[PDB]
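Taking it in order: structure first as structure tokens, then the write-up.
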Amino acid sequence: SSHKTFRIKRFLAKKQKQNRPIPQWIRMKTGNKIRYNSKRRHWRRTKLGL
Amino acid sequence: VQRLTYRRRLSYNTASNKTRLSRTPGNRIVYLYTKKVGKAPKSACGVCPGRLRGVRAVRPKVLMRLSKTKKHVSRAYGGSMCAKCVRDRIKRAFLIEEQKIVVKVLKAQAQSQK
Amino acid sequence: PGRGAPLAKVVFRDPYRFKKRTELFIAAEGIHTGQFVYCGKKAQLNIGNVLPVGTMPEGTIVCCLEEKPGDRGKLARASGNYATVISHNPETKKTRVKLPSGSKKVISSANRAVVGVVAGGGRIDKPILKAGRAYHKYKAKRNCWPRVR
Amino acid sequence: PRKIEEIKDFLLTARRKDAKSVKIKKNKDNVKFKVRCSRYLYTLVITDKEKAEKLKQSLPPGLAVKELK
Amino acid sequence: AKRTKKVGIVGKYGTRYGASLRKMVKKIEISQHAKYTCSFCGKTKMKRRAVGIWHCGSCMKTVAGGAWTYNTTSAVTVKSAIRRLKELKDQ
RNA sequence: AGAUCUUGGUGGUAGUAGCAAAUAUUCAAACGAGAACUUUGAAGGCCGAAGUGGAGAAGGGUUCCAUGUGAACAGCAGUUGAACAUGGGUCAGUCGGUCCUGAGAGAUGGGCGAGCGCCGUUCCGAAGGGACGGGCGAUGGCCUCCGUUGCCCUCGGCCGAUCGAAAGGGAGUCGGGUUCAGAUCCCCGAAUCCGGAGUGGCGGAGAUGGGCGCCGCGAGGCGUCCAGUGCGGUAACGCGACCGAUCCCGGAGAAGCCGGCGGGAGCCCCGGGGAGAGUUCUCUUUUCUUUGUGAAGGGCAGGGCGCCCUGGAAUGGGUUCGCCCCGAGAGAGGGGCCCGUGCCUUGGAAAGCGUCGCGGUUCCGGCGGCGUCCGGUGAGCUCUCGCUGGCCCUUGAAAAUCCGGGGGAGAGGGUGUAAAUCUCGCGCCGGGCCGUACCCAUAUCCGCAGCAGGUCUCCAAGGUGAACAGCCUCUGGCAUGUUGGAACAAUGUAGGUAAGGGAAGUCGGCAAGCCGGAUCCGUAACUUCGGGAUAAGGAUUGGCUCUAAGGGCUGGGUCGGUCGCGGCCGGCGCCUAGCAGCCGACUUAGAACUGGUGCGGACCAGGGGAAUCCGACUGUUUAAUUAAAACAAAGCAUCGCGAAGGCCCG
RNA sequence: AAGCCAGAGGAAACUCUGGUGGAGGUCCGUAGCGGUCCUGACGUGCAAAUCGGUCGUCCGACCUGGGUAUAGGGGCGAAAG
Ligand SMILES: [Mg+2]
Ligand SMILES: [Mg+2]
Ligand SMILES: [Mg+2]
Ligand SMILES: [Mg+2]
Ligand SMILES: [Mg+2]
Ligand SMILES: [Mg+2]
Ligand SMILES: [Mg+2]
Ligand SMILES: [Mg+2]
Ligand SMILES: [Mg+2]
Ligand SMILES: [Mg+2]
Ligand SMILES: [Mg+2]
Ligand SMILES: [Mg+2]
Ligand SMILES: [Mg+2]
Ligand SMILES: [Mg+2]
Ligand SMILES: [Mg+2]
Ligand SMILES: [Mg+2]
Ligand SMILES: [Mg+2]
Ligand SMILES: [Mg+2]
Ligand SMILES: [Mg+2]
Ligand SMILES: [Mg+2]
Ligand SMILES: [Mg+2]
Ligand SMILES: [Mg+2]
Ligand SMILES: [Mg+2]
Ligand SMILES: [Mg+2]
Ligand SMILES: [Mg+2]
Ligand SMILES: [Mg+2]
Ligand SMILES: [Mg+2]
Ligand SMILES: [Mg+2]
Ligand SMILES: [Mg+2]
Ligand SMILES: [Mg+2]
Ligand SMILES: [Mg+2]
Ligand SMILES: [Mg+2]
Ligand SMILES: [Mg+2]
Ligand SMILES: [Mg+2]
Ligand SMILES: [Mg+2]
Ligand SMILES: [Mg+2]
Ligand SMILES: [Mg+2]
Ligand SMILES: [Mg+2]
Ligand SMILES: [Mg+2]
Ligand SMILES: [Mg+2]
Ligand SMILES: [Mg+2]
Ligand SMILES: [Mg+2]
Ligand SMILES: [Zn+2]
Ligand SMILES: [Zn+2]
């Protein structure tokens, strides 16, 4: 909602910051074995824990 | 015609969410959030139901910034009780004190005989 | 709310410090605002006065009787009810009273009571006539009214 | 805002320490002198024009006399 | 003109609750909403505020009375009993 | 090889079912490789103010905004997207939280418990750590004298921690402008609340007068003495302040639902004057749009008063829609108070808006001209205020917080350009933390989803009409609800019609059909006398032209006997069966004429009667097969219990 | 419905008539709440209970948000397990 506490806002801030694609230079690292961010979250597909 | 919206996030028609209609210099109608209607004090006698005169009817916390004269009447018990019951109390006090004098004198003259 | 007997708000003077004490006596019927009510042993027999049962005559009836010598009023409190003083014995300091149920009780002569019948009159004569009136009656008391057999 | 009724009060109002600036507004019917104090904007209305002129040169110096026209 | 033959004040209840119950509540309701002559100021303004509470509009005197009448016959007999026992108690 | 075996993968079905709830799309152009779906323009429609409009609460959490991509997703497509990627965006003393308590939750003391712990919330507590007051002192120091500090005396029951509302209580911010996305928060301009000021910031108040001796022509000066914690009004009460503690009292906060009136505003309506548009085949001085003044002060209307003074009323009077009021003081006359959201004024026109232009700063809060005017209406609708009633075996919060009064413990100076003190005017400083974007729903929430479901509110135009009904339209919005094209087979779903008969169909008039609004008549049995009842039944209903009836404002003089073609008194006269003029809503009744007898012409909108059974009625019930005769109910009856108690939990 | 006014008739008791008034777990009927019938639609649905018309109530035992309390042999139940 528009009314929110500081802890909820901070939690949503962290959840925003980690919902981003992997950097391109990661895939050229030695022994990478990572293709894409498998922990990507969409606001309409899956909902947050709170 | 022009329809209206609340200017605050309180969306319910509660007692603290009362508005009036104002036309701005910009020629538009907006809500102005009014203050609650104050009440003049009731008399401390607790008998007659009318509220006191000469005292401005405002919210209780508005009384802190008012001058002294706006909150009382230049009379004994002024701003606390009505004039009529003050007159009644003055008469009652004087007459009951006189009655005490009368009964004291009556007993003093009654004890003159063994 | 929840009772049929009106309550009387009585203001006394504190005998030990400069203060006003406000009580919540049960209104004996016939009392009015602006009336002086006198509580004590040497109080006189008038409607609304509170005085011990031992000092009242053999046929007086009372309003708010004490079950024990020292607690507040406990008997004949419901509206329209009263208790009747029957007999005394100066020895053993006992008083026989007739409770509203008709039972006879022996109490201490020091038990205080209000002279007269409690206000609220004959409340049970009027038929309720409506399930809604009973609903509102028992809404102010407790959740007991709609009773399934 | 407060409305000054006569000239003498406006002169001593404009000489107060808090007086930031004075505004002169020429309307069709009157001339308004508007001194900006710490709490109020005191306005003096002058129906005629010659008295407005004498108050124009009699203003205390060191005060912004900015014209609204 | 006369509007009802016999129901009077209980005409608001319609056909409901039974004739005898309406007849029984009729007198209680007439006494309930009646205005009694105040015994303090002499005006006919004593009307019921709540059950057992009677208040006068003029002198603002509040009296504790009956549920439906200003005083019950029981309480009047009690007041007479108390006055006679008081005058018998002293001499 | 089996176990309706476990996991994974793949077939036929099958290019099949299907992409059919809520009326609808069409033309041209642009970008683009590509257009039924994107964008723009034109046209036709829909939502029709109880919206498909404009904003919020909960919930979501970046979905908001800009740019780009066309892999996957948006059950067709897409040049589009709530997709993907890259950047950006939420600014507060005065909007909320924060404070208060509510229903309640919950420590400590105590009790219980093997024990984690739980019972209890004032009950089995030495439960006040505070105080301007006075004394003892340390002089800490600008040691004058007031601020520090320790102890003692005196006073001190929130009698109980603490938590508990973004809808309750709760001081005080409004107007204009501005962005791609933020504003009551940013900028501009006007205010306001709270807290602070020790060295006291300025004024004003307190508060600055009489008496006696002298001097002095008088006025006026000198000395002494005495007052002086304000003043006015008969009163209601008023004035700009107006010494005062512990303590006490009171008020505000602080109160249900419904009815009927009245005042004010906003909107609606009508008549003109402007400005700009629309029509002009003919007519239309015509049709449409627009035509501001915030908070906060001052003044004035208006509304209200169960406020005061004079006076004393029956031949009772006053008065409301209703009421109701009066020797406990009517009517009448004169005052006082409260609210003042209305008008004027400061704010204020400089801003805003509407038009007509002129320069450019690639993208100016640019510059300029003109205007922003006069009126009338009302059972109109919505808010708000006020008055007065009705209902209750229902009586409709608490606490923070603020204020007034009683009392006078004390403090202040010796007549001084004075003191203590000040709720008066102005001045100086500060207001920390958190939230603030967006959606708020036939696509941003829940229902596995862009799911016909569910989800709390605010605002509310014109016509018809009783109406927030239904139907049409304006402001605003949208593209027909996850696809289109071509045909018009059966069967279906939804909607109509049907000659003659009229329930013969069927378990059963199921379904459909009939009736329906308003006016005028006229209404039975039975009945608990209230009802039945819109009983039943009958007539009328359009258009046009009139005719009556139902109101409100003013003014009615007999005149120069004269000078403030006008005014004071008076010789100077009989509207007194009331007239003259002006203005104004709708409503009712009647008449004539008239149309192919059609007229509540769409919409809205009871089929009726005679009985039997059951339940008295209103209400409730098996969410998702049973709404009933079941449950409840008032009424009636019985039982237990006087508190060391009845019933019950533990 | 009570209450009230006026007129008329009455010896009174009182009665009759016309207005006023606006009561009611009152009636028709929106919104809301509910869910009778078509045993309609749908029934691999829009929907793991919905949709259309027709319906019941619509000032009260009314509808509803939020905050609270009651927890499993327990709660709560105008009562249908
Ligand atoms: Mg979801
Ligand atoms: Mg205004
Ligand atoms: Mg029962
Ligand atoms: Mg195998
Ligand atoms: Mg085998
Ligand atoms: Mg197919
Ligand atoms: Mg299909
Ligand atoms: Mg339409
Ligand atoms: Mg909306
Ligand atoms: Mg977007
Ligand atoms: Mg697709
Ligand atoms: Mg994304
Ligand atoms: Mg204590
Ligand atoms: Mg709290
Ligand atoms: Mg609040
Ligand atoms: Mg915005
Ligand atoms: Mg203005
Ligand atoms: Mg009078
Ligand atoms: Mg201008
Ligand atoms: Mg917002
Ligand atoms: Mg949906
Ligand atoms: Mg889920
Ligand atoms: Mg269609
Ligand atoms: Mg389409
Ligand atoms: Mg959709
Ligand atoms: Mg046929
Ligand atoms: Mg036929
Ligand atoms: Mg047959
Ligand atoms: Mg057959
Ligand atoms: Mg049928
Ligand atoms: Mg019938
Ligand atoms: Mg005709
Ligand atoms: Mg029934
Ligand atoms: Mg029966
Ligand atoms: Mg149900
Ligand atoms: Mg069912
Ligand atoms: Mg069913
Ligand atoms: Mg019976
Ligand atoms: Mg009803
Ligand atoms: Mg009904
Ligand atoms: Mg079916
Ligand atoms: Mg069973
Ligand atoms: Zn009084
Ligand atoms: Zn009285």
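Please note that chains go A, B, ... in the order of the structure tokens, that every chain numbers its residues from 1, and that ligands are numbered from 1 in the order shown.
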Quiz item: Residues within 9 Å of ligand 21 (only C-alpha atoms (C1' of nucleotides) and all ligand atoms), as number ranges by chain?
Solution: F: 441-443, 451-454
Filtering to N, CA and C atoms (P, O5', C5', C4', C3', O3' and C1' of nucleotides), could you give me those residues as a PDB file, in the first residue's frame?
```pdb
ATOM      1  P     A F 441     -11.651   1.400  -8.764  1.00  0.00           P
ATOM      2  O5'   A F 441     -11.659   0.420 -10.278  1.00  0.00           O
ATOM      3  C5'   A F 441     -12.076  -0.847 -10.153  1.00  0.00           C
ATOM      4  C4'   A F 441     -11.400  -1.722 -11.195  1.00  0.00           C
ATOM      5  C3'   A F 441     -12.194  -2.999 -11.426  1.00  0.00           C
ATOM      6  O3'   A F 441     -13.068  -2.755 -12.473  1.00  0.00           O
ATOM      7  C1'   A F 441      -9.985  -3.462 -10.741  1.00  0.00           C
ATOM      8  P     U F 442     -14.345  -3.703 -12.680  1.00  0.00           P
ATOM      9  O5'   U F 442     -13.802  -4.860 -13.622  1.00  0.00           O
ATOM     10  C5'   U F 442     -13.233  -4.556 -14.888  1.00  0.00           C
ATOM     11  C4'   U F 442     -12.856  -5.805 -15.635  1.00  0.00           C
ATOM     12  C3'   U F 442     -12.616  -5.614 -17.129  1.00  0.00           C
ATOM     13  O3'   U F 442     -11.631  -6.543 -17.573  1.00  0.00           O
ATOM     14  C1'   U F 442     -14.422  -7.100 -16.804  1.00  0.00           C
ATOM     15  P     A F 443     -10.414  -6.049 -18.498  1.00  0.00           P
ATOM     16  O5'   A F 443      -9.135  -6.199 -17.565  1.00  0.00           O
ATOM     17  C5'   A F 443      -8.961  -7.343 -16.738  1.00  0.00           C
ATOM     18  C4'   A F 443      -7.597  -7.370 -16.096  1.00  0.00           C
ATOM     19  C3'   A F 443      -7.293  -6.210 -15.151  1.00  0.00           C
ATOM     20  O3'   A F 443      -6.462  -6.671 -14.088  1.00  0.00           O
ATOM     21  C1'   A F 443      -5.716  -6.227 -16.906  1.00  0.00           C
ATOM     22  P     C F 451      -8.508 -11.523 -15.945  1.00  0.00           P
ATOM     23  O5'   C F 451      -8.579 -13.109 -16.028  1.00  0.00           O
ATOM     24  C5'   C F 451      -9.196 -13.751 -17.136  1.00  0.00           C
ATOM     25  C4'   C F 451     -10.392 -14.572 -16.722  1.00  0.00           C
ATOM     26  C3'   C F 451     -11.446 -13.838 -15.898  1.00  0.00           C
ATOM     27  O3'   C F 451     -12.741 -14.314 -16.259  1.00  0.00           O
ATOM     28  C1'   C F 451     -10.654 -15.707 -14.691  1.00  0.00           C
ATOM     29  P     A F 452     -13.574 -13.588 -17.425  1.00  0.00           P
ATOM     30  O5'   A F 452     -14.348 -12.421 -16.673  1.00  0.00           O
ATOM     31  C5'   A F 452     -15.128 -12.697 -15.516  1.00  0.00           C
ATOM     32  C4'   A F 452     -16.451 -11.976 -15.544  1.00  0.00           C
ATOM     33  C3'   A F 452     -17.430 -12.402 -14.457  1.00  0.00           C
ATOM     34  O3'   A F 452     -18.272 -11.301 -14.127  1.00  0.00           O
ATOM     35  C1'   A F 452     -18.360 -12.875 -16.563  1.00  0.00           C
ATOM     36  P     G F 453     -18.257 -10.683 -12.647  1.00  0.00           P
ATOM     37  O5'   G F 453     -18.022 -11.941 -11.703  1.00  0.00           O
ATOM     38  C5'   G F 453     -19.099 -12.775 -11.304  1.00  0.00           C
ATOM     39  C4'   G F 453     -18.702 -13.646 -10.143  1.00  0.00           C
ATOM     40  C3'   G F 453     -18.297 -12.900  -8.883  1.00  0.00           C
ATOM     41  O3'   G F 453     -19.410 -12.537  -8.088  1.00  0.00           O
ATOM     42  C1'   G F 453     -16.638 -14.482  -9.407  1.00  0.00           C
ATOM     43  P     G F 454     -19.572 -11.032  -7.555  1.00  0.00           P
ATOM     44  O5'   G F 454     -18.581 -10.963  -6.314  1.00  0.00           O
ATOM     45  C5'   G F 454     -18.638 -11.940  -5.289  1.00  0.00           C
ATOM     46  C4'   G F 454     -17.392 -11.912  -4.446  1.00  0.00           C
ATOM     47  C3'   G F 454     -16.993 -10.550  -3.911  1.00  0.00           C
ATOM     48  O3'   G F 454     -17.717 -10.192  -2.749  1.00  0.00           O
ATOM     49  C1'   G F 454     -15.101 -11.629  -4.824  1.00  0.00           C
TER      50        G F 454
END
```
Quiz item: Quick one: residues within 10 Å of stretch 4-18 of chain A, only C-alpha atoms (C1' of nucleotides) counted, chain neighbours fewer than 5 positions away excluded, as JSON, numbers by chain?
Solution: {"A": [37, 39, 40, 41, 48, 50], "F": [61, 62, 97, 166, 434, 435, 436]}
Exercise. Using only C-alpha atoms (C1' of nucleotides), select each residue of chain G with any atom at most 8 Å away from an atom of chain C, and give the selection as an NGL selection string.
Key: :G and (25 or 61 or 78-79)
Quiz item: What is the distance, in Å and to one decimal place, between atom CA of residue A:43 and atom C1' of residue F:446?
Solution: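 Computing the Euclidean distance for atom CA of residue A:43 and atom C1' of residue F:446 yields 14.8 Å.
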Quiz item: Taking into account only C-alpha atoms (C1' of nucleotides) and all ligand atoms, which residue in the set F:341, F:101, F:480, F:13 is nearest to ligand 23?
Solution: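 Using only C-alpha atoms (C1' of nucleotides) and all ligand atoms, the shortest distance to ligand 23 belongs to F:480.
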For residue E:40, work out the shell of residues within 10 Å, counting only C-alpha atoms (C1' of nucleotides) and skipping chain neighbours fewer than 5 positions away, then give it as a short mmCIF file (atom, residue, chain, number, x, y, z; two decimals) with N, CA, C and O atoms, in the first residue's frame.
```cif
data_model
loop_
_atom_site.label_atom_id
_atom_site.label_comp_id
_atom_site.auth_asym_id
_atom_site.auth_seq_id
_atom_site.Cartn_x
_atom_site.Cartn_y
_atom_site.Cartn_z
N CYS E 56 -38.90 16.95 34.54
CA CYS E 56 -39.75 18.09 34.25
C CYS E 56 -39.01 19.05 33.33
O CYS E 56 -37.84 19.37 33.56
N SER E 58 -39.70 22.25 32.83
CA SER E 58 -39.64 23.64 33.29
C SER E 58 -38.59 23.83 34.39
O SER E 58 -37.62 24.56 34.20
N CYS E 59 -38.78 23.18 35.53
CA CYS E 59 -37.87 23.36 36.65
C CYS E 59 -36.69 22.40 36.62
O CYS E 59 -35.83 22.48 37.50
N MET E 60 -36.63 21.51 35.62
CA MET E 60 -35.54 20.56 35.45
C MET E 60 -35.32 19.70 36.69
O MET E 60 -34.18 19.43 37.08
N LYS E 61 -36.41 19.29 37.32
CA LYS E 61 -36.36 18.38 38.45
C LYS E 61 -36.56 16.95 37.95
O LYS E 61 -37.52 16.68 37.23
#
```
Exercise. Skip stretch 12-18 of chain G itself and residues of its chain fewer than 6 positions away, then list as number ranges by chain all residues within 12 Å of it, counting only C-alpha atoms (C1' of nucleotides).
Key: E: 1-3; G: 5-6
Can I get the residues of chain B within 12 Å of chain C, each with the closest pair of atoms and their distance in Å to one decimal, using only C-alpha atoms, sorted chain first then ascending number, as CSV?
```
residue,atom,partner,partner_atom,distance
B:45,CA,C:34,CA,11.1
B:46,CA,C:33,CA,10.6
B:47,CA,C:34,CA,9.4
```
Let me see the file: selected residues, C-alpha atoms, as a PDB file, in the first residue's frame.
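Saved result, part23.pdb, follows:
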```pdb
ATOM      1  CA  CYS B  45     -24.909  24.518  38.796  1.00  0.00           C
ATOM      2  CA  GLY B  46     -26.041  21.613  36.628  1.00  0.00           C
ATOM      3  CA  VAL B  47     -29.705  22.662  36.814  1.00  0.00           C
TER       4      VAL B  47
END
```
Quiz item: Taking only C-alpha atoms (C1' of nucleotides) into account, what are the residues of chain E at most 6 Å from chain G, put as number ranges by chain?
Solution: E: 9, 11-12
Practice problem: Identify all chain E residues at most 12 Å from chain F by counting only C-alpha atoms (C1' of nucleotides); ligands do not count. Present them as a VMD selection string. | Solution: chain E and resid 3 to 23 32 to 33 40 to 43 45 48 to 53 57 to 60 67 to 68
Produce a file of the selected residues containing C-alpha atoms, as a PDB file, in the first residue's frame.
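Ended up saving to again-v2.pdb:
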```
ATOM      1  CA  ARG E   3     -60.214   7.778  13.528  1.00  0.00           C
ATOM      2  CA  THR E   4     -60.332   4.457  15.412  1.00  0.00           C
ATOM      3  CA  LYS E   5     -63.160   2.809  17.315  1.00  0.00           C
ATOM      4  CA  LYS E   6     -61.288   1.070  20.138  1.00  0.00           C
ATOM      5  CA  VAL E   7     -57.555   0.547  19.484  1.00  0.00           C
ATOM      6  CA  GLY E   8     -56.508   4.160  20.003  1.00  0.00           C
ATOM      7  CA  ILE E   9     -52.771   4.396  20.609  1.00  0.00           C
ATOM      8  CA  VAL E  10     -52.111   0.735  19.724  1.00  0.00           C
ATOM      9  CA  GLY E  11     -53.278   1.251  16.145  1.00  0.00           C
ATOM     10  CA  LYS E  12     -49.627   1.480  15.122  1.00  0.00           C
ATOM     11  CA  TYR E  13     -49.172  -2.228  15.906  1.00  0.00           C
ATOM     12  CA  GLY E  14     -51.604  -3.191  13.156  1.00  0.00           C
ATOM     13  CA  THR E  15     -53.200  -6.623  13.326  1.00  0.00           C
ATOM     14  CA  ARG E  16     -50.229  -8.164  15.128  1.00  0.00           C
ATOM     15  CA  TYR E  17     -49.605  -9.528  18.642  1.00  0.00           C
ATOM     16  CA  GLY E  18     -53.220 -10.389  19.501  1.00  0.00           C
ATOM     17  CA  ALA E  19     -56.163  -8.321  20.692  1.00  0.00           C
ATOM     18  CA  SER E  20     -55.681  -9.041  24.395  1.00  0.00           C
ATOM     19  CA  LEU E  21     -51.962  -8.234  24.375  1.00  0.00           C
ATOM     20  CA  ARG E  22     -52.634  -4.957  22.553  1.00  0.00           C
ATOM     21  CA  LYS E  23     -55.410  -4.126  25.024  1.00  0.00           C
ATOM     22  CA  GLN E  32     -46.102   5.943  29.767  1.00  0.00           C
ATOM     23  CA  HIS E  33     -46.333   8.815  27.273  1.00  0.00           C
ATOM     24  CA  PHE E  40     -42.682  21.112  42.352  1.00  0.00           C
ATOM     25  CA  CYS E  41     -43.437  23.822  39.775  1.00  0.00           C
ATOM     26  CA  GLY E  42     -47.118  23.057  39.157  1.00  0.00           C
ATOM     27  CA  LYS E  43     -46.766  22.734  35.382  1.00  0.00           C
ATOM     28  CA  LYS E  45     -44.458  18.908  31.942  1.00  0.00           C
ATOM     29  CA  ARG E  48     -40.762   9.948  31.193  1.00  0.00           C
ATOM     30  CA  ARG E  49     -37.106  10.131  30.163  1.00  0.00           C
ATOM     31  CA  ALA E  50     -36.088   6.500  30.705  1.00  0.00           C
ATOM     32  CA  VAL E  51     -37.670   3.601  32.572  1.00  0.00           C
ATOM     33  CA  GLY E  52     -38.182   4.689  36.170  1.00  0.00           C
ATOM     34  CA  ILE E  53     -36.925   8.235  35.489  1.00  0.00           C
ATOM     35  CA  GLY E  57     -39.074  20.428  31.345  1.00  0.00           C
ATOM     36  CA  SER E  58     -39.638  23.635  33.293  1.00  0.00           C
ATOM     37  CA  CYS E  59     -37.871  23.355  36.655  1.00  0.00           C
ATOM     38  CA  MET E  60     -35.537  20.556  35.446  1.00  0.00           C
ATOM     39  CA  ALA E  67     -41.740   2.212  34.944  1.00  0.00           C
ATOM     40  CA  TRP E  68     -44.957   3.360  33.268  1.00  0.00           C
TER      41      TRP E  68
END
```
Quiz item: When the cut-off is 10 Å and you count only C-alpha atoms (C1' of nucleotides) and all ligand atoms, which residues lie near ligand 14, shown as a count of residues only?
Solution: 8
Practice problem: For chain C, work out the contacting residues on chain E at 8 Å, counting only C-alpha atoms, and write them as a list in words. | Solution: residues 17, 21, 24, 25, 28, 51, 52, 53, 61, 62, 63, 64, 65, 66, 67, 68, 71, 72, 75, 78, 79, 81, 82, 83, 85, 86 and 89 of chain E
Exercise. Identify all residues of chain D in alpha helix (DSSP H) (DSSP on the backbone) and supply them as a ChimeraX atom specification.
Key: /D:7-14,50-57
How would the residues just picked look written out with N, CA, C and O atoms as a compact mmCIF listing (two decimals), in the first residue's frame?
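In the end it all went to out09.txt:
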```
# COMPACT_ATOMS: atom_id res chain seq x y z
N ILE D 7 -2.35 57.68 7.73
CA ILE D 7 -0.99 57.86 7.22
C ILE D 7 0.04 57.65 8.32
O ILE D 7 1.09 57.01 8.10
N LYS D 8 -0.22 58.18 9.52
CA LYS D 8 0.78 58.22 10.58
C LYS D 8 1.19 56.81 11.01
O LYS D 8 2.37 56.55 11.26
N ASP D 9 0.23 55.89 11.10
CA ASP D 9 0.56 54.51 11.42
C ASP D 9 1.41 53.87 10.33
O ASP D 9 2.33 53.11 10.64
N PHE D 10 1.12 54.16 9.06
CA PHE D 10 1.92 53.58 7.98
C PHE D 10 3.35 54.09 8.00
O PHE D 10 4.27 53.31 7.72
N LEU D 11 3.56 55.37 8.31
CA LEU D 11 4.93 55.88 8.39
C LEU D 11 5.75 55.15 9.45
O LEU D 11 6.88 54.73 9.19
N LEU D 12 5.19 54.98 10.65
CA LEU D 12 5.94 54.29 11.68
C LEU D 12 6.02 52.79 11.43
O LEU D 12 6.94 52.14 11.94
N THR D 13 5.08 52.22 10.67
CA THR D 13 5.19 50.82 10.28
C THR D 13 6.34 50.62 9.29
O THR D 13 7.10 49.66 9.41
N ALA D 14 6.48 51.53 8.33
CA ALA D 14 7.54 51.41 7.34
C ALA D 14 8.92 51.67 7.93
O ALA D 14 9.92 51.30 7.32
N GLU D 50 -2.48 62.89 -5.33
CA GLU D 50 -1.44 63.81 -4.87
C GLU D 50 -0.89 63.40 -3.51
O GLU D 50 0.33 63.44 -3.28
N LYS D 51 -1.77 62.98 -2.59
CA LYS D 51 -1.31 62.48 -1.30
C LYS D 51 -0.45 61.23 -1.48
O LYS D 51 0.54 61.05 -0.77
N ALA D 52 -0.83 60.37 -2.42
CA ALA D 52 0.01 59.23 -2.76
C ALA D 52 1.40 59.69 -3.18
O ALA D 52 2.41 59.08 -2.81
N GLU D 53 1.47 60.80 -3.92
CA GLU D 53 2.77 61.32 -4.32
C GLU D 53 3.58 61.80 -3.12
O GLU D 53 4.77 61.46 -3.00
N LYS D 54 2.97 62.59 -2.22
CA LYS D 54 3.72 63.05 -1.05
C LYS D 54 4.20 61.89 -0.19
O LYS D 54 5.34 61.91 0.29
N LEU D 55 3.36 60.87 0.01
CA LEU D 55 3.86 59.67 0.68
C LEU D 55 4.94 58.97 -0.13
O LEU D 55 5.77 58.25 0.44
N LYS D 56 4.96 59.15 -1.46
CA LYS D 56 6.03 58.55 -2.25
C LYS D 56 7.38 59.20 -1.96
O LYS D 56 8.38 58.50 -1.80
N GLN D 57 7.43 60.54 -1.86
CA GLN D 57 8.77 61.07 -1.55
C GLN D 57 9.05 61.11 -0.05
O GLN D 57 10.22 61.28 0.33
```
Compile a residue-level contact table for chain B against ligand 15 at a cut-off of 12 Å, reporting for every qualifying residue the shortest atom pair and its distance in Å to one decimal, with only C-alpha atoms and all ligand atoms counted, rows ordered by chain and ascending number, as JSON lines.
```
{"residue": "B:9", "atom": "CA", "partner": "ligand 15", "partner_atom_place_in_ligand_line": "1 (Mg)", "distance": 11.6}
{"residue": "B:10", "atom": "CA", "partner": "ligand 15", "partner_atom_place_in_ligand_line": "1 (Mg)", "distance": 8.9}
{"residue": "B:11", "atom": "CA", "partner": "ligand 15", "partner_atom_place_in_ligand_line": "1 (Mg)", "distance": 11.8}
{"residue": "B:12", "atom": "CA", "partner": "ligand 15", "partner_atom_place_in_ligand_line": "1 (Mg)", "distance": 10.8}
{"residue": "B:13", "atom": "CA", "partner": "ligand 15", "partner_atom_place_in_ligand_line": "1 (Mg)", "distance": 11.6}
{"residue": "B:14", "atom": "CA", "partner": "ligand 15", "partner_atom_place_in_ligand_line": "1 (Mg)", "distance": 8.6}
{"residue": "B:15", "atom": "CA", "partner": "ligand 15", "partner_atom_place_in_ligand_line": "1 (Mg)", "distance": 8.7}
{"residue": "B:16", "atom": "CA", "partner": "ligand 15", "partner_atom_place_in_ligand_line": "1 (Mg)", "distance": 6.6}
{"residue": "B:17", "atom": "CA", "partner": "ligand 15", "partner_atom_place_in_ligand_line": "1 (Mg)", "distance": 8.8}
```
Practice problem: State, in Å with one decimal place, the distance from atom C1' of residue F:493 to atom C1' of residue F:23. | Solution: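 Computing it gives 17.8 Å between the two atoms.
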Quiz prompt | Best match for closeness to ligand 35 among G:49, G:41, G:33, G:11, counting only C-alpha atoms (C1' of nucleotides) and all ligand atoms | solution = G:33
Practice problem: Throw together the list of residues within 9 Å of ligand 16, counting only C-alpha atoms (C1' of nucleotides) and all ligand atoms, and drop it here as a list in words. | Solution: residues 181, 182, 183, 437 and 438 of chain F
